[PDB]
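# Reading the structure
Chain residues, written in single-letter form:
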Amino acid sequence: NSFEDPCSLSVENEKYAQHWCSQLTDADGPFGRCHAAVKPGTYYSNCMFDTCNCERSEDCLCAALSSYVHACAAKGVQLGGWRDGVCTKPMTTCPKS
Amino acid sequence: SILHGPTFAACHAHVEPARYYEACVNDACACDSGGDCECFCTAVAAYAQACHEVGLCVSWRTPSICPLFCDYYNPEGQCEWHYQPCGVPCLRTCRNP
Amino acid sequence: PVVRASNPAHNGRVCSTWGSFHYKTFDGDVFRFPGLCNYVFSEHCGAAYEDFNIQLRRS
């Protein structure tokens, strides 16, 4: 294990990750209804690290957000409508019917 | 960054420096009312004590990084007091003859 | 620590890029790399804390 900080290696990656992963910790954002059931700090850290690290930043950001959404759903909290903005591509691309 | 460099390289396999580094950075950011060097010294000494407790006595204090004025305790004409990372659990005193 | 200096030729401390993707390293190796992406020109990776990190991009 090394003490790497990928977000410090790129300005634009840091800006993108901070802009899109901070919605997890926003009290009034799409994920604000779940801050009581599930604590979003670990998911925010995972989102930042994955977005700054992997080449397909949007895929890792969407994976982290979906992981938080699934953890919320395991607690009985529904967060529908969270894909507005980013992570909307999976909504449209799926089988015809 | 001292908590991630060669100074504590031997301890990195026995004490995880993640939370200690985070506390160091947060305290140094928040120690804005005066005496940030005390905040930094306390934050690094926490990790140093954690390292020393598990048998690893690293020498991290330098005249520019949290110096210790041991010579202050030397009586006039004497030179006895030395810095010990491990400490001396059974130095000879007259309370433990 | 006293460090003396007498030789004024300091080409070993200079790295540069010029012309048609021509690169000269600090050690004197001149090569060509026609990359148009974002690359790390030079960064201080030899310490726990990084003093500098310079990146360049071509179009």
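Residues numbered from 1 in each chain as written, not as in the entry; some residues may be left out. Chains lettered and ligands numbered in written order. Part of a larger assembly, values for the part shown. Heavy atoms only, no water. Residues with missing side-chain atoms left out of burial classes, pairs and counts.

Structure determination for this entry, per the PDB record, employed cryo-EM and reached 3.9 Å resolution.

### Describing helix α2 (residues 41-53) of chain A
Residue and element names in this part refer to chain A. Put simply, the rule is: Helix and strand definitions follow DSSP, with helices as H or I runs of at least four residues and strands as E runs of at least two, each counted in order from the N terminus. Helix span is expected to be 1.5 Å times the residue number reduced by one. Each residue is placed in one exposure class: buried if its accessible area under a 1.4 Å probe, protein chains only, is under 20% of its type's maximum, exposed if it is over 50%, and partly exposed if it falls in between. What the arc measures is the spread of directions leading from the helix axis to the C-beta atoms. Residue contacts are counted whenever heavy atoms from the two residues lie within 4.5 Å of one another.
Taking 1.5 Å per residue as the helical rise, α2 with its 13 residues ought to reach 18 Å, and the 18 Å between its terminal C-alpha atoms agrees with that figure. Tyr44, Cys47, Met48, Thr51 and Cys52 are the residues of α2 that are buried. Along the long axis of α2, the arc covered by the buried residues comes to 110 degrees, so they all point the same way. In this structure, the buried residues of α2 make contact with α1 (11-21) and α3 (57-74).

### Focus on the side chain of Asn74 of chain B
All names here are of chain B. Note the cut-off: Between N or O atoms, a polar contact is any pair within 3.5 Å; within protein, one atom must be a potential hydrogen donor and the other a potential acceptor, and residues adjacent in sequence are included only when both atoms are from side chains.
Position of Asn74 relative to the elements: it lies in the segment after α2 (36-53). A distance of 2.9 Å separates a polar atom in the side chain of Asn74 from the backbone nitrogen of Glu80. When neighbours within four sequence positions are excluded, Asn74 is seen to be in contact with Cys79, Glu80 and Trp81.

### Looking at the packing of α1 of chain A against α2 of chain A
Residue and element names in this part refer to chain A. Let me state the cut-off plainly: Between the N-to-C directions of two axes lies an angle of 0 to 180 degrees, each axis being a line fitted to C-alpha atoms and, for a helix, fitted only over the stretch in contact. Angle categories: roughly parallel below 35 degrees, roughly antiparallel above 145, roughly perpendicular from 65 to 115, and oblique for all the rest. When the near helix sits turned anticlockwise from the far one by under a right angle, the crossing is termed left-handed; a clockwise turn instead gives a right-handed crossing. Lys, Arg, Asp and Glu make up the charged group, whereas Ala, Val, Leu, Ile, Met, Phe, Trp, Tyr, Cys and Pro make up the nonpolar group; the residues left over, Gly among them, are polar.
As a packed pair, α1 and α2 sit with axes 9 Å apart at the nearest point and diverge in direction by 150 degrees. Overall, the two elements α1 and α2 adopt an arrangement that is roughly antiparallel. Viewed along their axes, α1 and α2 form a crossing whose handedness is right-handed. Touching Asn13, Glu14, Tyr16, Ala17, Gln18 and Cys21 of α1 are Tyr44, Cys47, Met48, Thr51 and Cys52, all from α2. Residues of the contact of α1 with α2, tallied by class, amount to 7 nonpolar, 3 polar and 1 charged.

### Things to note about the environment of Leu68 of chain B
Residues and elements named next belong to chain B. Position of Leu68 relative to the elements: it lies in the segment after α2. The spatial distance from the C-alpha of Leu68 to the C-alpha of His82 is 9.8 Å, given a sequence separation of 14 residues. If near-sequence neighbours (up to four positions away) are discounted, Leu68 is found in contact with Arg61 and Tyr83.

### Concerning α2 of chain B
All names here are of chain B. When the terminal C-alpha atoms of α2 are compared, their 26 Å separation across 18 residues agrees well with the 26 Å that a helix rising 1.5 Å per residue should span. Residues of α2 that are buried include every one of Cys39, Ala43, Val44, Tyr47, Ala48, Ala50, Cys51 and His52, and no others. Considering only its buried residues, α2 is in contact with α1 (18-30). Once α2 finishes, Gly55 follows within two positions and takes phi at roughly 95 degrees, a positive value.

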